[PDB]
Amino acid sequence: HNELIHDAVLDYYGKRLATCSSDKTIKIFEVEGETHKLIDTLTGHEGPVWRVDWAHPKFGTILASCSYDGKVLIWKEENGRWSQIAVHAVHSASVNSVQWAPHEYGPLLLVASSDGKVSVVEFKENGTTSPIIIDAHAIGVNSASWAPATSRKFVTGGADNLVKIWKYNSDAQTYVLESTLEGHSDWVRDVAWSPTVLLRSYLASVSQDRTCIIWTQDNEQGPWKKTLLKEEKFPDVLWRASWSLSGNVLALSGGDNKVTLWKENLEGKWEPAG
Amino acid sequence: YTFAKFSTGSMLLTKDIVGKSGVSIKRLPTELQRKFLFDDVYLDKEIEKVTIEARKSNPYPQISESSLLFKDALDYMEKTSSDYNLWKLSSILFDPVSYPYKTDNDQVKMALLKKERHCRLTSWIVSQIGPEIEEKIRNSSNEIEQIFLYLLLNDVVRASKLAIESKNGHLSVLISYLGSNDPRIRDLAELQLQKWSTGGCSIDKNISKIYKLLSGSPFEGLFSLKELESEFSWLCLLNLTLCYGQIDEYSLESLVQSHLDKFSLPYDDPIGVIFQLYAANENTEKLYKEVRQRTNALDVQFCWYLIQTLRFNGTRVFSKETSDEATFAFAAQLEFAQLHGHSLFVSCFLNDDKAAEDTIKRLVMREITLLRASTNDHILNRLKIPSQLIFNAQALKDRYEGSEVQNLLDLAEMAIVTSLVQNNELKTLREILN
């Protein structure tokens, strides 16, 4: 019985899968092609676990999950036995996304809850949490993705149809908002920064209004460029939008039971692939 | 509701209520369709053809010498496949010819090299058009037409013979000139044609065609074979320009270009594309870019191989950015094919040192385990993968699976923690002192 898992994540080396469903449990599997052997079940949430997410193995085996009970739960495998080492629930509503930073930033976490907040939880020397939060969106935040870089930034997708790009500032000590972008007529479900250290940067912003805008910034200066992936509404509401590391392929999880794939061509416009 | 993100090992997990986990480990469909790529022998022999030097802005490997030739791939393909035709024709036009016999001066050498190349190209074209024309000769009901068709197969001798036999003797003699570029004969043939095409109550339809061949400008003309556009493979007519056409006065390139200027080729046809890139000489890249946005006849792998050959043989010039673009694209296709060693090898042909560094590093660390199996995987990590990167990656794989010599080469405190014999302690102390 597992009729509706909401999220699954793969580890750096892809040996250990972590699905999370609505029955609150987070199941860990030892994958091996056809055979993912169930190795664990983790019960510690008071509502459907929306998302799970491993951290960089530089930090051992850590997994921050966020669930409907408004609480972010950090887990850790310890000698082959899992244990909830920390927790961070400074959010007064259902926590939706949770995504670790680039490991060069430390062990930073990115939480994004319906109380219009998004936190960046550091784990200090005592391993204890150091929350520095910001208000992100009015009617709630559905997602928040990290950006790689070599001047840190992230993106957030809102319930007010916004897509925001925040940046760290030593003057403020809290992430200062630097640019917001408007293009959807309904809850911005998911937002994704692309890991392509190439000439430009790409953002795929899927939404409830069955659109997927792509914000391509020329460089550090010139603002973004709006590009409706295709100019027809998808047969059903879109949920997830993920970039590929090698290649800059875009995967779109629409509520129409297939996942589409879009690649950029020399026109600059995007074309299906599969 | 559905969910799907991309894996570290670039592949896709989706909601799937048919498995055990509630997700599906999907092997991403690879555009990379070319068999010999999945066999590791090809890759080994291909590394044997390269000289790797560390960068002048970082220690990461990048290619200094390449001896890759379109020629080399041919062993791994069927001589029957259209692919083989593409790679072969590409070899004929682009791979350097060698001329073993010593030559009085070097401009001579150049001339010989031109004749050789020309002869191989034209023998090959004749290989291709062969059956088309033989079919046409099968169905002809007129001898002079057959004579012409034999000229279409660049067989001067059988044209001459049939002429002789069909009692067309003078023509026969005339025929013997085809392929000597005697300008006297050229202007004389053209003259005869003007005289006919000014009065000339009637001249046989195929004798005029043959004279037009002797004229050296069979479409470029005023008795023009251009209308044969509708009766013959474009390649067949191009053969006519290349064989007769004015061989000596033109370079192979500007000759081919001359022909192409008279006839549009189908956008989708790749052997066409190769001729266009060959003729385009002065702006191959320009054309290549044009070819890119118009068709997909040239695949990711081929475009990369081409660019690289031309680069490393002085044959032609490509932007650092276009060569890197091609290289990225192919390396990526390869990584989608779980061909990490091969993607790694390709990644080295990057000009941009920063990007090479990142790509290489990222991949090695993410995929170290698989990249440390056989000797064909060893030569791999003996590309010039930086000592640091290799062990570092390997350190990460240990922390995550729960090493010390690598560390010797915060974290150190944690290692000391794990260690918590006397000889080992002493060795550690010595390492620290060092």
# chains A, B, ... in the order shown; residues from 1 in each chain; ligands from 1

$ residues_around --residues "range 277-294 of chain B" --least-positions-apart "2" --cutoff "6 Å" --atoms "only C-alpha atoms" --output "PDB file with N, CA, C and O atoms, in the first residue's frame"
ATOM      1  N   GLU B 253      37.726  22.708 -54.224  1.00  0.00           N
ATOM      2  CA  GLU B 253      36.716  23.415 -53.462  1.00  0.00           C
ATOM      3  C   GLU B 253      35.924  24.366 -54.356  1.00  0.00           C
ATOM      4  O   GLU B 253      34.704  24.280 -54.405  1.00  0.00           O
ATOM      5  N   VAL B 256      33.675  22.510 -56.919  1.00  0.00           N
ATOM      6  CA  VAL B 256      32.470  22.026 -56.244  1.00  0.00           C
ATOM      7  C   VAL B 256      31.506  23.166 -55.926  1.00  0.00           C
ATOM      8  O   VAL B 256      30.283  23.040 -56.075  1.00  0.00           O
ATOM      9  N   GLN B 257      32.074  24.289 -55.508  1.00  0.00           N
ATOM     10  CA  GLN B 257      31.292  25.460 -55.164  1.00  0.00           C
ATOM     11  C   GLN B 257      30.593  25.941 -56.435  1.00  0.00           C
ATOM     12  O   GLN B 257      29.410  26.275 -56.400  1.00  0.00           O
ATOM     13  N   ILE B 274      27.900  17.798 -46.568  1.00  0.00           N
ATOM     14  CA  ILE B 274      29.353  17.674 -46.463  1.00  0.00           C
ATOM     15  C   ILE B 274      30.024  18.370 -47.643  1.00  0.00           C
ATOM     16  O   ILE B 274      31.039  19.040 -47.469  1.00  0.00           O
ATOM     17  N   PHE B 275      29.464  18.212 -48.838  1.00  0.00           N
ATOM     18  CA  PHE B 275      29.980  18.925 -50.003  1.00  0.00           C
ATOM     19  C   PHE B 275      29.891  20.424 -49.803  1.00  0.00           C
ATOM     20  O   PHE B 275      30.801  21.158 -50.182  1.00  0.00           O
ATOM     21  N   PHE B 318      37.471  26.975 -36.526  1.00  0.00           N
ATOM     22  CA  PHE B 318      36.216  27.109 -35.794  1.00  0.00           C
ATOM     23  C   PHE B 318      36.428  27.938 -34.530  1.00  0.00           C
ATOM     24  O   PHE B 318      37.487  27.859 -33.902  1.00  0.00           O
TER      25      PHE B 318
END

$ interface_residues --of "chain B" --to "chain A" --cutoff "7 Å" --atoms "only C-alpha atoms" --output "PyMOL selection string"
chain B and resi 1-8+10+17+21-22+29+293+329+332+366+396+399-400

$ write_last_selection --atoms "N, CA, C and O atoms" --output "mmCIF file, in the first residue's frame"
data_model
loop_
_atom_site.group_PDB
_atom_site.id
_atom_site.type_symbol
_atom_site.label_atom_id
_atom_site.label_comp_id
_atom_site.auth_asym_id
_atom_site.auth_seq_id
_atom_site.Cartn_x
_atom_site.Cartn_y
_atom_site.Cartn_z
ATOM 1 N N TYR B 1 -1.858 14.153 -9.573
ATOM 2 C CA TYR B 1 -0.568 14.682 -9.150
ATOM 3 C C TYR B 1 0.585 13.813 -9.615
ATOM 4 O O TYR B 1 0.511 12.584 -9.607
ATOM 5 N N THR B 2 1.662 14.473 -10.021
ATOM 6 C CA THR B 2 2.838 13.782 -10.504
ATOM 7 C C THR B 2 4.021 14.520 -9.908
ATOM 8 O O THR B 2 3.906 15.695 -9.554
ATOM 9 N N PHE B 3 5.151 13.841 -9.759
ATOM 10 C CA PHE B 3 6.380 14.549 -9.441
ATOM 11 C C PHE B 3 7.528 14.003 -10.269
ATOM 12 O O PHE B 3 7.576 12.803 -10.543
ATOM 13 N N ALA B 4 8.457 14.874 -10.654
ATOM 14 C CA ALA B 4 9.685 14.408 -11.291
ATOM 15 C C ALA B 4 10.856 15.398 -11.339
ATOM 16 O O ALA B 4 10.704 16.522 -11.816
ATOM 17 N N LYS B 5 12.019 14.983 -10.844
ATOM 18 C CA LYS B 5 13.208 15.834 -10.889
ATOM 19 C C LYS B 5 14.346 15.045 -11.531
ATOM 20 O O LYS B 5 14.249 13.832 -11.690
ATOM 21 N N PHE B 6 15.433 15.728 -11.880
ATOM 22 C CA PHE B 6 16.560 15.035 -12.486
ATOM 23 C C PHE B 6 17.536 14.535 -11.440
ATOM 24 O O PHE B 6 17.821 15.215 -10.451
ATOM 25 N N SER B 7 18.042 13.333 -11.682
ATOM 26 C CA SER B 7 18.999 12.691 -10.797
ATOM 27 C C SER B 7 20.376 13.306 -10.906
ATOM 28 O O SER B 7 20.694 13.998 -11.877
ATOM 29 N N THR B 8 21.183 13.059 -9.879
ATOM 30 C CA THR B 8 22.606 13.329 -9.929
ATOM 31 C C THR B 8 23.155 12.646 -11.194
ATOM 32 O O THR B 8 23.786 13.286 -12.039
ATOM 33 N N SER B 10 22.326 12.053 -14.113
ATOM 34 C CA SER B 10 21.231 12.601 -14.937
ATOM 35 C C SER B 10 20.230 11.590 -15.514
ATOM 36 O O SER B 10 20.340 11.172 -16.664
ATOM 37 N N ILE B 17 3.130 3.907 -9.410
ATOM 38 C CA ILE B 17 2.448 3.132 -8.392
ATOM 39 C C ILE B 17 2.447 1.655 -8.788
ATOM 40 O O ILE B 17 1.807 0.827 -8.140
ATOM 41 N N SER B 21 8.621 1.025 -4.790
ATOM 42 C CA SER B 21 8.989 2.222 -4.064
ATOM 43 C C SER B 21 7.991 3.361 -4.207
ATOM 44 O O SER B 21 7.919 4.222 -3.345
ATOM 45 N N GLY B 22 7.247 3.377 -5.308
ATOM 46 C CA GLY B 22 6.370 4.493 -5.619
ATOM 47 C C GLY B 22 7.038 5.462 -6.571
ATOM 48 O O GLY B 22 6.598 6.603 -6.749
ATOM 49 N N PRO B 29 16.204 8.319 -22.257
ATOM 50 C CA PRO B 29 16.314 7.951 -23.675
ATOM 51 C C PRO B 29 17.465 8.739 -24.283
ATOM 52 O O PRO B 29 17.440 9.971 -24.280
ATOM 53 N N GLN B 293 21.010 25.372 -37.839
ATOM 54 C CA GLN B 293 19.661 25.859 -37.616
ATOM 55 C C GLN B 293 18.646 25.343 -38.637
ATOM 56 O O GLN B 293 17.440 25.493 -38.445
ATOM 57 N N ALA B 329 27.777 19.501 -26.097
ATOM 58 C CA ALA B 329 26.614 18.744 -26.542
ATOM 59 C C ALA B 329 26.911 17.241 -26.570
ATOM 60 O O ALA B 329 26.156 16.429 -26.006
ATOM 61 N N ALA B 332 27.594 15.642 -23.126
ATOM 62 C CA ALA B 332 26.322 15.522 -22.436
ATOM 63 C C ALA B 332 25.543 14.306 -22.902
ATOM 64 O O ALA B 332 25.082 13.519 -22.079
ATOM 65 N N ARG B 366 31.255 12.832 -8.669
ATOM 66 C CA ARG B 366 29.951 12.189 -8.685
ATOM 67 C C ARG B 366 30.040 10.697 -9.066
ATOM 68 O O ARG B 366 29.251 9.882 -8.584
ATOM 69 N N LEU B 396 35.451 11.599 -0.323
ATOM 70 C CA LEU B 396 34.009 11.829 -0.205
ATOM 71 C C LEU B 396 33.234 10.508 -0.166
ATOM 72 O O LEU B 396 32.365 10.312 0.680
ATOM 73 N N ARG B 399 33.558 8.946 3.464
ATOM 74 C CA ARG B 399 32.733 9.617 4.438
ATOM 75 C C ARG B 399 31.270 9.226 4.270
ATOM 76 O O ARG B 399 30.527 9.104 5.240
ATOM 77 N N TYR B 400 30.835 9.122 3.019
ATOM 78 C CA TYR B 400 29.454 8.734 2.776
ATOM 79 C C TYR B 400 29.132 7.244 2.978
ATOM 80 O O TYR B 400 27.995 6.879 3.357
#

$ residues_around --residues "range 201-213 of chain B" --least-positions-apart "3" --cutoff "10 Å" --atoms "only C-alpha atoms" --output "PyMOL selection string"
chain B and resi 142-149+151+171+174-175+178-179+185-186+188-193+196-198+216-219+221-225+240-241+243-245

$ write_last_selection --atoms "N, CA, C and O atoms" --output "short mmCIF file (atom, residue, chain, number, x, y, z; two decimals), in the first residue's frame"
data_model
loop_
_atom_site.label_atom_id
_atom_site.label_comp_id
_atom_site.auth_asym_id
_atom_site.auth_seq_id
_atom_site.Cartn_x
_atom_site.Cartn_y
_atom_site.Cartn_z
N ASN B 142 18.52 3.79 -77.53
CA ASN B 142 19.24 4.65 -78.47
C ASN B 142 20.70 4.56 -78.05
O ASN B 142 21.02 4.68 -76.87
N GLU B 143 21.58 4.35 -79.02
CA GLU B 143 23.00 4.08 -78.74
C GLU B 143 23.75 5.33 -78.24
O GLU B 143 24.58 5.23 -77.33
N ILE B 144 23.48 6.48 -78.84
CA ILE B 144 24.21 7.70 -78.52
C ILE B 144 23.92 8.14 -77.08
O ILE B 144 24.80 8.64 -76.36
N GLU B 145 22.68 7.91 -76.66
CA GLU B 145 22.27 8.12 -75.28
C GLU B 145 23.06 7.24 -74.32
O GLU B 145 23.53 7.71 -73.29
N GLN B 146 23.21 5.96 -74.68
CA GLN B 146 24.05 5.05 -73.90
C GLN B 146 25.48 5.56 -73.78
O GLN B 146 26.05 5.53 -72.70
N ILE B 147 26.04 6.04 -74.89
CA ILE B 147 27.38 6.61 -74.88
C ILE B 147 27.46 7.74 -73.86
O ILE B 147 28.40 7.81 -73.03
N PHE B 148 26.42 8.57 -73.85
CA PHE B 148 26.37 9.67 -72.90
C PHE B 148 26.36 9.12 -71.46
O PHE B 148 27.13 9.57 -70.62
N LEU B 149 25.47 8.17 -71.18
CA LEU B 149 25.38 7.55 -69.86
C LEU B 149 26.72 6.94 -69.38
O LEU B 149 27.08 7.00 -68.19
N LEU B 151 29.43 8.15 -70.17
CA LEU B 151 30.20 9.30 -69.72
C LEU B 151 29.72 9.73 -68.33
O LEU B 151 30.49 10.30 -67.55
N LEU B 171 32.95 10.87 -83.12
CA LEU B 171 32.52 11.18 -81.76
C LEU B 171 33.50 10.46 -80.89
O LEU B 171 34.13 11.05 -80.04
N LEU B 174 36.58 12.15 -80.34
CA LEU B 174 36.30 13.34 -79.52
C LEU B 174 36.23 12.98 -78.04
O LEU B 174 36.87 13.62 -77.20
N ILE B 175 35.44 11.96 -77.74
CA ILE B 175 35.29 11.38 -76.41
C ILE B 175 36.62 11.19 -75.69
O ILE B 175 36.72 11.48 -74.50
N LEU B 178 37.77 13.72 -73.04
CA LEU B 178 37.13 13.91 -71.75
C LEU B 178 38.07 13.52 -70.62
O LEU B 178 38.42 12.35 -70.43
N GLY B 179 38.50 14.54 -69.89
CA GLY B 179 39.27 14.41 -68.67
C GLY B 179 40.68 14.93 -68.86
O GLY B 179 41.46 14.97 -67.91
N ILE B 185 40.25 22.40 -77.14
CA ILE B 185 39.12 21.52 -77.35
C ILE B 185 37.86 22.11 -76.72
O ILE B 185 36.77 21.99 -77.27
N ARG B 186 38.04 22.74 -75.57
CA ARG B 186 36.95 23.37 -74.83
C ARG B 186 36.26 24.46 -75.65
O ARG B 186 35.03 24.43 -75.88
N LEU B 188 36.63 25.06 -78.81
CA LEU B 188 36.19 24.52 -80.09
C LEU B 188 34.81 23.86 -79.96
O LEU B 188 33.93 24.09 -80.80
N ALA B 189 34.64 23.05 -78.91
CA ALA B 189 33.38 22.38 -78.67
C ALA B 189 32.29 23.42 -78.46
O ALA B 189 31.19 23.33 -79.04
N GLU B 190 32.60 24.44 -77.66
CA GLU B 190 31.61 25.47 -77.39
C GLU B 190 31.23 26.17 -78.70
O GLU B 190 30.05 26.46 -78.95
N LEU B 191 32.25 26.45 -79.52
CA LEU B 191 32.04 27.11 -80.82
C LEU B 191 31.07 26.32 -81.70
O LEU B 191 30.14 26.89 -82.30
N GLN B 192 31.33 25.02 -81.80
CA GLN B 192 30.49 24.13 -82.59
C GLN B 192 29.06 24.24 -82.09
O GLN B 192 28.11 24.33 -82.89
N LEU B 193 28.91 24.27 -80.76
CA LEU B 193 27.58 24.41 -80.15
C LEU B 193 26.86 25.72 -80.48
O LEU B 193 25.65 25.71 -80.68
N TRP B 196 25.71 25.55 -84.09
CA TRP B 196 24.47 24.78 -84.20
C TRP B 196 23.31 25.62 -83.65
O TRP B 196 22.25 25.72 -84.27
N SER B 197 23.51 26.23 -82.47
CA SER B 197 22.44 26.97 -81.81
C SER B 197 22.28 28.36 -82.42
O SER B 197 21.98 29.33 -81.73
N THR B 198 22.48 28.42 -83.73
CA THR B 198 22.27 29.63 -84.52
C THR B 198 22.11 29.14 -85.97
O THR B 198 23.04 29.18 -86.77
N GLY B 216 33.31 21.95 -71.16
CA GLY B 216 33.89 22.19 -69.84
C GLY B 216 33.00 22.95 -68.88
O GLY B 216 33.39 23.22 -67.75
N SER B 217 31.80 23.31 -69.34
CA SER B 217 30.86 24.11 -68.55
C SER B 217 29.42 23.67 -68.83
O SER B 217 28.65 24.40 -69.45
N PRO B 218 29.05 22.47 -68.34
CA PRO B 218 27.88 21.77 -68.88
C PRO B 218 26.55 22.34 -68.41
O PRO B 218 25.53 22.13 -69.07
N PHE B 219 26.55 23.10 -67.32
CA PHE B 219 25.32 23.76 -66.90
C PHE B 219 25.54 25.25 -67.05
O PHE B 219 24.72 25.96 -67.63
N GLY B 221 25.99 27.40 -68.82
CA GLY B 221 26.10 27.42 -70.27
C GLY B 221 24.93 27.88 -71.12
O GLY B 221 23.86 28.23 -70.61
N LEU B 222 25.16 27.89 -72.43
CA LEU B 222 24.12 28.04 -73.45
C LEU B 222 23.95 26.82 -74.39
O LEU B 222 24.06 26.89 -75.62
N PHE B 223 23.62 25.70 -73.75
CA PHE B 223 23.08 24.50 -74.36
C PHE B 223 22.96 23.54 -73.21
O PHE B 223 23.45 22.41 -73.24
N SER B 224 22.27 24.00 -72.17
CA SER B 224 22.63 23.62 -70.83
C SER B 224 21.99 22.31 -70.40
O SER B 224 20.84 22.02 -70.71
N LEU B 225 22.79 21.52 -69.70
CA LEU B 225 22.36 20.27 -69.09
C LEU B 225 21.60 20.47 -67.79
O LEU B 225 21.27 19.49 -67.13
N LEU B 240 29.61 15.19 -63.17
CA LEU B 240 29.89 15.87 -64.44
C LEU B 240 30.70 17.13 -64.31
O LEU B 240 31.68 17.31 -65.04
N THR B 241 30.30 18.02 -63.41
CA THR B 241 31.15 19.19 -63.15
C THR B 241 32.57 18.81 -62.70
O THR B 241 33.55 19.37 -63.18
N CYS B 243 34.41 15.97 -63.08
CA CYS B 243 35.21 15.20 -64.03
C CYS B 243 35.64 16.00 -65.26
O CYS B 243 36.75 15.82 -65.75
N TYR B 244 34.76 16.84 -65.77
CA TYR B 244 35.01 17.58 -67.00
C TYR B 244 35.31 19.03 -66.65
O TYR B 244 36.45 19.38 -66.36
N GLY B 245 34.29 19.89 -66.74
CA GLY B 245 34.12 20.94 -65.75
C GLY B 245 35.15 22.04 -65.54
O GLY B 245 34.72 23.15 -65.21
#

$ residues_around --residues "range 415-417 of chain B" --least-positions-apart "3" --cutoff "12 Å" --atoms "only C-alpha atoms" --output "MDAnalysis selection string"
chainID B and resid 395 398:399 402:408 410:412 420 424:425 428:429

$ residues_around --residues "residue 94 in chain A" --least-positions-apart "4" --cutoff "9 Å" --atoms "only C-alpha atoms" --output "ChimeraX atom specification"
/A:47,66-71,113-115

$ select_by_dssp --residues "range 153-305 of chain B" --states "alpha helix (DSSP H)" --output "PyMOL selection string"
chain B and resi 156-165+169-175+183-196+205-215+234-243+252-260+270-280+284-294+300-305

$ select_by_dssp --residues "range 38-119 of chain A" --states "strand (DSSP E)" --output "MDAnalysis selection string"
chainID A and resid 38:43 49:51 62:67 72:77 82:88 95:100 109:113 117:119

$ write_last_selection --atoms "N, CA and C atoms" --output "CSV table (one decimal), in the first residue's frame"
chain,number,residue,atom,x,y,z
A,38,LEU,N,13.5,-2.2,0.5
A,38,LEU,CA,13.1,-1.4,1.6
A,38,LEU,C,14.1,-1.6,2.8
A,39,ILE,N,14.8,-0.6,3.2
A,39,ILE,CA,15.7,-0.7,4.3
A,39,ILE,C,15.2,0.0,5.6
A,40,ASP,N,14.3,1.0,5.4
A,40,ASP,CA,13.8,1.7,6.6
A,40,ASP,C,12.4,2.3,6.4
A,41,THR,N,11.8,2.7,7.5
A,41,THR,CA,10.6,3.5,7.5
A,41,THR,C,10.7,4.5,8.6
A,42,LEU,N,10.4,5.8,8.3
A,42,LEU,CA,10.6,6.8,9.3
A,42,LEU,C,9.3,7.6,9.7
A,43,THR,N,8.8,7.4,10.9
A,43,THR,CA,7.6,8.0,11.4
A,43,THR,C,7.9,9.1,12.4
A,49,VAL,N,4.0,13.9,4.4
A,49,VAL,CA,5.4,14.4,4.1
A,49,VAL,C,5.4,14.9,2.7
A,50,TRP,N,5.5,16.2,2.5
A,50,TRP,CA,5.5,16.8,1.1
A,50,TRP,C,6.8,16.5,0.4
A,51,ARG,N,7.9,16.7,1.1
A,51,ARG,CA,9.2,16.7,0.4
A,51,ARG,C,10.3,16.1,1.3
A,62,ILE,N,22.6,13.0,6.1
A,62,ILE,CA,21.6,13.9,6.6
A,62,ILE,C,20.4,14.0,5.6
A,63,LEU,N,19.2,14.1,6.1
A,63,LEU,CA,18.1,14.2,5.3
A,63,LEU,C,17.0,15.1,5.9
A,64,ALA,N,16.8,16.3,5.3
A,64,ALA,CA,15.8,17.2,5.9
A,64,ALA,C,14.5,17.0,5.1
A,65,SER,N,13.5,16.7,5.9
A,65,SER,CA,12.2,16.5,5.3
A,65,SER,C,11.2,17.6,5.8
A,66,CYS,N,10.2,17.9,4.9
A,66,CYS,CA,9.2,18.9,5.4
A,66,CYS,C,7.8,18.3,5.1
A,67,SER,N,7.0,18.5,6.1
A,67,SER,CA,5.7,17.9,6.1
A,67,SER,C,4.6,18.9,6.4
A,72,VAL,N,9.8,21.3,10.0
A,72,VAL,CA,10.9,20.6,9.2
A,72,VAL,C,11.6,19.7,10.1
A,73,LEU,N,11.8,18.5,9.7
A,73,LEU,CA,12.6,17.5,10.5
A,73,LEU,C,13.8,17.0,9.8
A,74,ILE,N,15.0,17.3,10.5
A,74,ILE,CA,16.2,16.8,10.1
A,74,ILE,C,16.5,15.4,10.7
A,75,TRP,N,16.8,14.5,9.8
A,75,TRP,CA,17.2,13.1,10.2
A,75,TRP,C,18.6,12.8,9.9
A,76,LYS,N,19.1,11.7,10.4
A,76,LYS,CA,20.5,11.2,10.2
A,76,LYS,C,20.7,9.7,10.5
A,77,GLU,N,21.3,9.0,9.5
A,77,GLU,CA,21.6,7.6,9.8
A,77,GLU,C,22.8,7.5,10.6
A,82,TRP,N,18.5,5.1,12.0
A,82,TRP,CA,18.1,6.5,11.9
A,82,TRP,C,17.5,7.1,13.1
A,83,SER,N,17.7,8.4,13.2
A,83,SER,CA,17.5,9.2,14.4
A,83,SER,C,17.2,10.7,14.0
A,84,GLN,N,16.1,11.2,14.5
A,84,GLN,CA,15.8,12.7,14.2
A,84,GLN,C,16.7,13.6,15.1
A,85,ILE,N,17.8,14.1,14.5
A,85,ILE,CA,18.7,14.8,15.3
A,85,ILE,C,18.2,16.3,15.6
A,86,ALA,N,17.6,16.9,14.6
A,86,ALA,CA,17.1,18.2,14.8
A,86,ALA,C,15.7,18.4,14.2
A,87,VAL,N,15.2,19.6,14.5
A,87,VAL,CA,13.9,20.1,14.0
A,87,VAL,C,13.9,21.6,13.9
A,88,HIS,N,13.1,22.1,12.9
A,88,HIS,CA,13.0,23.5,12.7
A,88,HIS,C,11.6,23.9,12.2
A,95,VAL,N,4.6,23.3,5.7
A,95,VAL,CA,5.9,23.5,5.0
A,95,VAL,C,6.0,22.7,3.7
A,96,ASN,N,6.3,23.4,2.6
A,96,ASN,CA,6.2,22.8,1.3
A,96,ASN,C,7.5,22.4,0.7
A,97,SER,N,8.4,23.3,0.5
A,97,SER,CA,9.7,22.9,0.0
A,97,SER,C,10.9,22.9,1.0
A,98,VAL,N,11.9,22.1,0.8
A,98,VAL,CA,13.1,22.1,1.6
A,98,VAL,C,14.3,21.6,0.7
A,99,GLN,N,15.2,22.4,0.5
A,99,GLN,CA,16.3,22.1,-0.4
A,99,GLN,C,17.6,22.6,0.1
A,100,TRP,N,18.6,21.8,0.2
A,100,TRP,CA,20.0,22.2,0.7
A,100,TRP,C,20.7,23.1,-0.3
A,109,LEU,N,20.2,25.0,4.8
A,109,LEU,CA,18.9,24.5,4.3
A,109,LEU,C,18.0,25.6,3.9
A,110,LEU,N,17.1,25.3,2.9
A,110,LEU,CA,16.1,26.3,2.5
A,110,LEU,C,14.7,25.8,2.6
A,111,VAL,N,14.0,26.3,3.6
A,111,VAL,CA,12.7,25.9,3.9
A,111,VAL,C,11.7,27.0,3.4
A,112,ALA,N,10.5,26.5,2.9
A,112,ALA,CA,9.5,27.4,2.3
A,112,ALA,C,8.1,27.0,2.7
A,113,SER,N,7.5,27.8,3.6
A,113,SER,CA,6.2,27.4,4.1
A,113,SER,C,5.1,28.4,3.7
A,117,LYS,N,6.9,32.5,4.3
A,117,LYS,CA,8.2,32.6,4.9
A,117,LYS,C,9.1,31.5,4.2
A,118,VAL,N,10.4,31.8,4.3
A,118,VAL,CA,11.5,31.0,3.7
A,118,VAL,C,12.7,31.2,4.6
A,119,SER,N,13.2,30.1,5.2
A,119,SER,CA,14.3,30.2,6.1
A,119,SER,C,15.5,29.6,5.6

$ residues_around --residues "range 82-94 of chain B" --least-positions-apart "2" --cutoff "8 Å" --atoms "only C-alpha atoms" --output "ChimeraX atom specification"
/B:69-71,73-74,77-80,96,117,120-121,124,270-271,274,278,310,315

$ residues_around --residues "residue 270 in chain A" --least-positions-apart "3" --cutoff "8 Å" --atoms "only C-alpha atoms" --output "MDAnalysis selection string"
chainID A and resid 229:230 262:265

$ write_last_selection --atoms "N, CA and C atoms" --output "compact mmCIF listing (two decimals), in the first residue's frame"
# COMPACT_ATOMS: atom_id res chain seq x y z
N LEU A 229 7.38 28.65 -22.61
CA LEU A 229 7.88 27.41 -23.23
C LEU A 229 7.15 27.03 -24.51
N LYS A 230 5.85 26.76 -24.39
CA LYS A 230 4.96 26.73 -25.54
C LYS A 230 3.77 27.65 -25.27
N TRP A 262 12.04 19.14 -22.52
CA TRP A 262 12.21 20.25 -23.43
C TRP A 262 13.68 20.66 -23.43
N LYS A 263 14.22 20.85 -24.62
CA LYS A 263 15.63 21.18 -24.78
C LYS A 263 15.72 22.47 -25.57
N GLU A 264 16.72 23.29 -25.27
CA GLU A 264 16.87 24.53 -25.99
C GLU A 264 17.60 24.26 -27.31
N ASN A 265 17.11 24.88 -28.38
CA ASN A 265 17.75 24.79 -29.68
C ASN A 265 18.38 26.12 -30.07

$ atom_distance --atom1 "CA of residue 226 in chain B" --atom2 "CA of residue 157 in chain B"
24.9 Å
